[PDB]
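Form deposited in one PDB entry, single chain, as C-alpha cells, below.
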C-alpha cells in the first residue's frame, strides 16, 4: 500500500516563502496533489492553494512553495496545512510565528549631546537577510518610555534602507534613549537599539584597561595583574597619572574594594597595577576562597594628563574568578545516539570570557586512547564506538593541557540516550561527516550508513534528505541507494546560501518486520565559517606613504558586490572612548539569525518523530506516522 508523506517546517512565518515537500512512497503512476493552507480552528479562509503532480520520473518527489499572507492577542496562532494526494487527505496543524523578517538599526554615533542630530538608518530584510519592501513603524522614546517621534515609512524600491534623522531638543532628559522599530504586518516583533544622551566633550586620548590574563585564577598568589594603556587618538603615547580601583561583582551587585585603590604613573603610555590576593579576600569579608569562584572582577582606571587639561575614565569588567582556564560545553553535541554505530562528540571548549579556545586537547575519560584537539572555532570532534545496547551513554570529557596541572583542568559530563526504533526492529540510519571549519565553495561528503536487518535491506532504494538553513527549507532531494549499498556518499555543494550553519536531516521508509510501516530518520548540525554572503571592504585608494593632514583630499576605495547599495559613516574615535555600545556589526546580525532558528538540537531525536521536530520539521503520513505537535515558539530550556 502506498504511503503519502508531507514535510513542512515546525514554525511558519508571515510573508515568507515556506517550502513543503510531497512524497508518494511505493506507488506507480502519476499522483496529483492539491496543497491548501487554511486557518485554525476554522477552515473558512483559503490562505494558499497550489497544485503539482508527483510523476514516477522524479521518483514521486516534488515540492510546493506557498506564502502565508499577513492579514493579521497574547496566544499562539495556527494554520491547517492540507495536501490531498488524489483522494487521500494528509493534514497537519502547524504553529505560526508572527514575524515578517528582521530589522537592524544603525545610529551614526553611540552618544549624543542635547542639541545634536541623531542620524539613523533602518535595514529591512526578511528571514533570508535579503532586502524587502514593507511598511515599517519607527519610534524614538526617552528614558521615561514616552515616544517623542513616530514615523511610518515604505521601504519599497528603497533597497531595504530607510534613512532617518531627529534633532534632539536642548531641554531634554539624559540617559539611555531607545529607537524601536517593527513591521506593520508583524507588530509583535519589535527591534530596538540604544543611544546615550549626555553632556560631554570628546577626549583627546583613549585608555585601555587590559589584564594580563582574561580571567583570575583563584589560587594565583600574584593576584590580578592589570596593564593600563593610554595613547592619543592620533596614535601617540600619553604621559600622565592613573587612578586604578578594583571591585568584585556577584551577579548584578558590585562591591568596590577601597583598599585596592592605587595611583600609578603612566610613563610612555603604559602603567601597571596589581590587585593583590589579600586585598581581594579582605575586601570580600574574608571567606573561604572557593566562594569567590563564579564571581567576576572589574577594573576601573582614571587617567589624567600631567597638564590636567584632559582626563579619561575606562573600565574593564567581567573578569571571572575560575579554578580552571577552560569550560567544556556539549551544546553542539547530539544528545541521542544509535546503538552499534559510532557517536560523534562535538566538544566545545571556551575561555572563561566565552571566546573559543584554540589548540586545547580534550579526551574522553576512561577511553585514554581517544584524544583530539580544538580547532579555530573551539570545537574538537571525538568519535567513539558504542555497543549495540539500549543502555544510556554517560560521557565525561576532560582537557589534557600540558602546562596545566590536573586540578586546573576542565571537565564536563553529558548523557546520550539510545534512539528508539519502531517495534524494536534495530533498524537505524547514521549520518557521519567530518567536523572542521567548512567554507563556501567546498564539497561536503555526507555518509549515509544503514544498520538494519539483511532480510529487508533490498526494499530501501532511496534516502530523502532535507537541508534546513535559517529556519527554512533550502534544498530537499533524494539519495539513490542500490541493494547491498550499506553506505552511499552524497557530495553536497556548500554555497554561500549555507551561511552561518545548516541542518541535514534524512530518512528512509519501508514495510518491514510485521508488515508495519516503519520510518527511520537521522539529522546532523553542520557549522560553516561565518562571513558575509557577499563581501564589503573599505580601504585607502591612494598610496598613503604620507600621513594625511586636516583638510586633505583622500581617495577611499570601496570593494563589494555589483549593484549593492553601500551606506557610510565616519566617526571620531573619541566618541567610542565615551560610549562603544550598540554598534552594528556582522557578528550581531548572525546572533539574531541563530536565536531565531526553529531547530533546537544539534543531532537526532528519541525516535524518528523526534529527529524531524528537533531539526524544526513536521512529518505527517497517510499510514499514521507523524511527528508530535509543537505549540511553543521557543525551544525547550535545559
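Residue numbers count along the first chain shown, from 1. By rigid core we mean the largest C-alpha set that fits within 1.5 Å across both forms.
Another form exists, deposited with a partner chain bound; not displayed. Remarks below refer to it.
> Of 447-455, 324-332, 522-530, 396-404, which is the one stretch near its partner chain in the deposited bound form, taking non-hydrogen atoms within 4.5 angstroms as near?
Replying inline: Selected stretch: 447-455.
>> Please tell me whether any heavy atom belonging to residue 486 falls inside 4.5 Å of a heavy atom of its partner chain, as the geometry stands in the deposited bound form.
In response: The answer is yes: residue 486 has a heavy atom within 4.5 Å of its partner chain.
> So in the deposited bound form, does residue 341 come within 4.5 Å of its partner chain, heavy atom to heavy atom?
Replying inline: Judged by the heavy-atom cut-off of 4.5 Å, residue 341 is in contact with its partner chain in the deposited bound form.
>> Residue-level question: is residue 384 within 4.5 Å of its partner chain in the deposited bound form, judged on heavy atoms?
In response: Yes.
>> Taking any heavy atom pair closer than or equal to 4.5 Å as contact, tell me whether residue 127 reaches its partner chain in the deposited bound form.
In response: No, residue 127 stays farther than 4.5 Å from its partner chain in the deposited bound form.
> Here the chain is shown alone; which of 481, 472, 478, 517 has a heavy atom within 4.5 Å of its partner chain in the deposited bound form?
Replying inline: Result of the distance check: 481.
> Considering only 315, 184, 482, 559, which residue exhibits a C-alpha shift of no less than 2 Å between the shown form and the other one, with the rigid core used for superposition?
Replying inline: Looking at each option in turn, only one qualifies, and it is 482.
> On a core-based superposition, does residue 408 travel 2 Å or more at its Cα between the shown form and the other one?
Replying inline: No.
> Does residue 367 move its CA by 2 angstroms or more between the shown form and the other one when the core is aligned?
Replying inline: The answer is yes; the displacement is at least 2 Å.
> After superposition on the rigid core, does the Cα atom of residue 533 shift by at least 2 Å between the shown form and the other one?
Replying inline: No, residue 533 moves less than 2 Å.
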